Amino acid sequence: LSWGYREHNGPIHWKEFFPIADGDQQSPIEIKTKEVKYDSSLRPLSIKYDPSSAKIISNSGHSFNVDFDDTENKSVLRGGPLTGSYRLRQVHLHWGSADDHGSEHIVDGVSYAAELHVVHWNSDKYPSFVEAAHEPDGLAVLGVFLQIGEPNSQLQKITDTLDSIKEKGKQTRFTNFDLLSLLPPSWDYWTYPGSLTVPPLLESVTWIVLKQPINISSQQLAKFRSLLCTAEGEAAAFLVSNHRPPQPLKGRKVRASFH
């Protein structure tokens, strides 16, 4: 298949080849903080990310992905709303065509400039990410909002690479990536049950979205828009926007770890 974010193949078109697009636990959503319920039973996040787990950065045509070696248990998320160990798999980012929008999740009617997703899978129960992606408790994604601010020394590692992966399919070695340090200093979070925000749109994600944004400069974020959604030797299209609109909550509870 050949989904994307352009006029012919974008989010409104996804339902055509992925009927779960209209499902009851679709992501992303609006977080309306006046409707969030603090839940004292939610636990703190327990995070370990080995900077040597990071292997490769590539252009999928839908974002950049930092792939981590997920055959080993070096990089694991536990706690939060999660039962068991969730192995780190991959990091990517969503943004919009300009800095005033671009996050997937929206807070109190407001879009951030971009949103970082840290993809993990239940390695207690499932033999691989591919099997875990089909189960309600299979995935956990940590979301971090990016707002325009000062230049981010931690994102600069990624931005420095983006020219070498400008075309879809291109990849480049990427390691010693201190992912933890990219996180905001508060790990307070909202959580709800949801889906992949991209086709196949599987309802297998425990969303964990951190309240506190991190900064990125205008010039840093603009580098992501210089990525192509098209391959070398193909007609060019810039990956100007790669975010899905908020989906109906359909009676799900968004809970907060904090008050």
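Start at 1 with the first residue shown and count on from there. Here, rigid core means the biggest group of C-alpha atoms that superpose within 1.5 Å across both forms.
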Report task. Just give me the stretch that moves more in 8 other deposited structures of this protein: 61-69 or 34-42, judged by RMS C-alpha distance after a core fit. Result -> 34-42
Query raised in the report: Mean C-alpha B factor from the entry: is it higher for 82-90 or for 127-135?
Result: 127-135
Report summary line: The stretch whose C-alpha atoms carry the larger average B-factor in the entry, 35-43 or 226-234, is 35-43
Query raised in the report: At the C-alpha atoms, which of 97, 147, 171, 153 reaches the highest B-factor in this entry?
Result: 153
**Report entry** For residue 120, the third of its chain into which the C-alpha B factor falls
**Finding:** lowest
Requested in this report: Place residue 182 in the lowest, middle or highest third of its chain's C-alpha B-factors, as listed in the PDB entry.
Outcome: highest
Report task. Pull the Cα B-factor of residue 25 out of the PDB entry and bin it into the chain's lowest, middle or highest third. Result -> highest
Report summary line: By the entry's values, the third containing the CA B factor of residue 159 is the middle
Query raised in the report: Among the chain's modelled residues, which third holds the C-alpha B-factor of residue 9?
Result: highest
